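Q: Got a sequence here, can you model it:
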Amino acid sequence: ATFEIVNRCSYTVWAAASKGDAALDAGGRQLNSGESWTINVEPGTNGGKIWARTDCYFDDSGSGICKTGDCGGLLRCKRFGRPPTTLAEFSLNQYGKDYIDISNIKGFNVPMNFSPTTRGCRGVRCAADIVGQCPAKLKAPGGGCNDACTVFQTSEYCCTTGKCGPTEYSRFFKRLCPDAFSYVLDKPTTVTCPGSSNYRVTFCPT
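A: Numbers count the residues shown, from 1 in each chain. Right below this line is the structure:
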């Protein structure tokens, strides 16, 4: 499957793509404002994610740091990124269908649209100004809007037991972005697409 990753933000981002235990394609790349990077993701990939990273520095060997979404200091991510990270999430070729969503469970850094480029389903978007409107207690001094699990490490925010409900913090993310997951047990906003669809992830779509 192809994923065209497009940076419509006015600032550079470093895109990242991983399934948690391995890179997808090269795993990461710099995207200046307006640049597009097309990756290939193996069919059957389960639990893949794409995200933006901001305010990064890398040496010539591809080692460094980002202020949001850093994946072990690598340019080419092999693992998931450090919150806050708006997440484009997907599982491909799962019994004949693909499944896509956007999640704020690991916080929010950059607005994104995640849409198919092929027929048969709709896209999802979280493009509101979550960082600007972020509750004081969730603001990440390094940049972005943290989720409450990250900040407070409770059973209720992290849904550790599997019994949790919505919270005043999850409801903030849900208000700003109804079509993204706001906590682990949120009413799903997953879209079913045809198996082997292709996609575009756009940072700062609006």
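Q: can you give me the helices for the protein?
A: 130-133, 148-152, 155-158, 168-176 (DSSP state H).
Q: which strands and helices sit next to the longest one?
A: Based on contacts counted as 3 or more C-beta pairs under 8 Å, 6 or more residues apart in numbering; DSSP states H and E, the elements that helix 168-176 packs against are helix 130-133. C-beta here means a position set from N, CA and C on the backbone, and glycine is covered the same way.
Q: what comes into contact with the helix it packs on?
A: For helix 130-133, contacts defined as C-beta atoms under 8 Å, 6 or more residues apart in numbering pick out 86, 104, 108-109, 111, 143-145, 172-173, 176-177.
Q: Buried ones in that helix, by neighbour count?
A: Within helix 130-133, the residues scored as buried using 16 or more other C-beta atoms under 10 Å are 130-131.
Q: Stretch 56-72 too?
A: By 16+ other C-beta under 10 Å, the buried positions in stretch 56-72 come out as 56, 58, 66-71.
Q: related to what we said a few turns ago, kindly present the helices of the chain as a markdown table, with separate columns for distance to residue 116.
A: Below are the helices of the chain laid out as a markdown table (distance: least, C-beta to C-beta, whole Å):
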| stretch | distance to residue 116 |
| --- | --- |
| helix 130-133 | 24 |
| helix 148-152 | 30 |
| helix 155-158 | 31 |
| helix 168-176 | 24 |
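Q: Figure out which of the ones you listed is closest to residue 24.
A: helix 148-152 (23.5 Å; C-beta to C-beta).
Q: Look up how far residue 172 lies from the residue nearest in space to the middle of the chain.
A: Centroid-nearest residue in the chain: residue 87, 1.3 Å away (criterion: C-alpha atoms, centre = their mean). Look at residue 87 and residue 172: by C-beta to C-beta, to the nearest Å, they are 17 Å apart.
Q: Just the CA trace of stretch 90-99, in PDB.
A: This file holds the C-alpha atoms of stretch 90-99, laid out as PDB (Å, rounded to 0.1, in the frame of the first residue of the first chain):
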ATOM      1  CA  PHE A  90      -4.100   1.600  10.500                       C
ATOM      2  CA  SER A  91      -4.400  -2.100  10.100                       C
ATOM      3  CA  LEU A  92      -4.400  -3.400   6.600                       C
ATOM      4  CA  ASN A  93      -5.800  -6.600   5.000                       C
ATOM      5  CA  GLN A  94      -7.500  -7.700   8.100                       C
ATOM      6  CA  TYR A  95      -9.900 -10.300   6.900                       C
ATOM      7  CA  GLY A  96     -10.400  -8.600   3.600                       C
ATOM      8  CA  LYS A  97     -10.700  -5.000   4.800                       C
ATOM      9  CA  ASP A  98      -8.500  -2.100   6.000                       C
ATOM     10  CA  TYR A  99      -9.200  -0.100   9.200                       C
END
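Q: Buried residues in that stretch, which are they?
A: Buried residues in stretch 90-99, counting neighbours by 16+ other C-beta under 10 Å, are found at 90-93, 97-99.
Q: So which of those are in strands?
A: When the buried residues of stretch 90-99 are checked against strands (DSSP state E), the matches are 90-93, 97-99.
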